[PDB]
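As structure tokens, one chain now follows by itself in the form deposited in one PDB entry.
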């Protein structure tokens, strides 16, 4: 974050990164140049000495296709909020679902990771139209104790009776919903719950998954001290985990764990394991691995603005009828990255 403005009670931080990034894989849909950049603005204004206003916007700009290519940029975040002393904060916009308050603890790999869930995937990650109340250190009474309460209105179909103004396809639709999170402290533990109504299209068009509500239950653990980082994340889902392109898993059990070490000279090796186990899938699928891989990588930090990394995704999925029909990659991937950040 680069502070480019600080005057008359308002401050502007520009931030982002340019990632010179290349994948090598036998999977032709992921193989090759993956260069992209992120640019963002973070602003806050002191209204009075107890009230602060703020806004944040974050933009992704792909740079791996041509100048005539289509749909190469999109907004990751955009929200405005108010925070009042110890009474908490409230923001609204496109922001992270509060489930990520805990699952982000394992989303720290050099390149891969964080993919037992997706974006626009109920309240598991970045989401449209979330209203989020947060409180740090429980009103100033319990150090290290944080919680959040979140509401999301329906984001429905493009047309018909299920429509909203901002309609999308069924895999990124949501009904009215809410979520909570709680975290507590160099060992931390955390929990999160989310619950969203599912839409009619979601319960009629996809081949897999039927249920009134999408629900997630998460617990997580983190150790962060002495240049060691250990983290684990266990999430049980109902009608909320995508079964690739086929729909949603009626039930899934998602597990992420990671171990990293920071050498003083800048090298940060990382080792991790991720699995998403789908249960009670229709069509004879039954129990199926939705995700399963070991990840071995390393990032070298030249300083806080320059790094380079390699990441090896060791894919442990078998190619079977489920991964084939669902469009799920079973190939290994090697990622090489050179990153300038500000």
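Residues that one form lacks are left out of the comparison. Numbering follows the first chain given and starts at 1. Rigid core: the largest C-alpha set superposing within 1.5 Å between the two forms.
One more form of this protein should be noted, the form deposited in another entry, which is absent from this view; the next part is about it.
Shift analysis on the rigid core between the shown form and the other one singles out 116 from 218, 250, 95, 116 (C-alpha displacement of 2 Å or more). When the rigid core is held fixed, the Cα atom of residue 143 travels 2 angstroms or more between the shown form and the other one. Annotation for the pair residue 133/residue 117: C-alpha atoms recede from each other in that other deposited form, by 3 Å or more compared with this form. Between residue 106 and residue 116, the Cα spacing is larger in that other deposited form than in the shown form, differing by no less than 3 Å. Comparing the conformations between the shown form and the other one, with the rigid core held fixed, yields the displaced runs 115-118, 140-143, each spanning 3+ consecutive residues whose C-alpha shift is 2 Å or more.
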